[PDB]
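Structure assessment
Chain residues, written in single-letter form:
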Amino acid sequence: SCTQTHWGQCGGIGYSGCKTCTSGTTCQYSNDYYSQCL
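How each quantity is defined
- Residues numbered from 1 in each chain as written, not as in the entry; some residues may be left out.
- Heavy atoms only, no water.
- Helix = DSSP H or I, 4+ residues; strand = E, 2+ residues; numbered from the N terminus.
- Buried < 20%, exposed > 50% of the residue type's maximum accessible area, 1.4 Å probe, protein only.
- Polar contact = N/O pair within 3.5 Å; in protein donor to acceptor, adjacent residues only side chain to side chain.
- Contact = heavy atoms within 4.5 Å.
- Disulfide = S-S within 2.5 Å.

Method of determination, as given in the entry header: solution NMR.

Here it is as structure tokens:
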């Protein structure tokens, strides 16, 4: 699993593995399927 960039979908039950947002960013929730690195 990648070290996921700033602005990066962890949420989506479909996405290519990586949830771990890079230093400064954590995966901030909006929807279940749209949770994004911010």
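Moving on to the side chain of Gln-4. Its place among the elements puts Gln-4 in the segment before β1 (27–29). Judged by relative accessible area, which is 1%, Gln-4 ranks as buried. Here the side chain of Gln-4 touches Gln-9 through a polar contact of 2.9 Å, landing on its backbone oxygen. Filtering out sequence-adjacent residues up to four positions away, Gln-4 remains in contact with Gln-9, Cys-10, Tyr-15, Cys-18, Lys-19, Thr-20, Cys-21, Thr-22 and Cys-37.

Counted under the stated rule, the structure contains three disulfides. Paired through a disulfide, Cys-2 and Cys-18 show a sulfur-sulfur distance of 2.1 Å. Classification of the bridge connecting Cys-2 and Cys-18 rests on its S-S torsion, roughly 80 degrees, and on that basis the disulfide is right-handed. Placement of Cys-2 in the segment before β1 and of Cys-18 in the segment before β1 is noted, with a sequence separation of 16 residues between them. Put simply, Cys-10 and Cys-27 are joined by a disulfide, and their sulfur atoms are 2.0 Å apart. In this structure the cystine formed by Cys-10 and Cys-27 twists about its S-S bond by roughly -95 degrees; its chirality is therefore left-handed. Of the two residues, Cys-10 sits in the segment before β1 while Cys-27 sits in strand β1, which places them 17 residues apart along the sequence. In this structure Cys-10 comes out as partly exposed when scored by relative accessible area, which is 25%.

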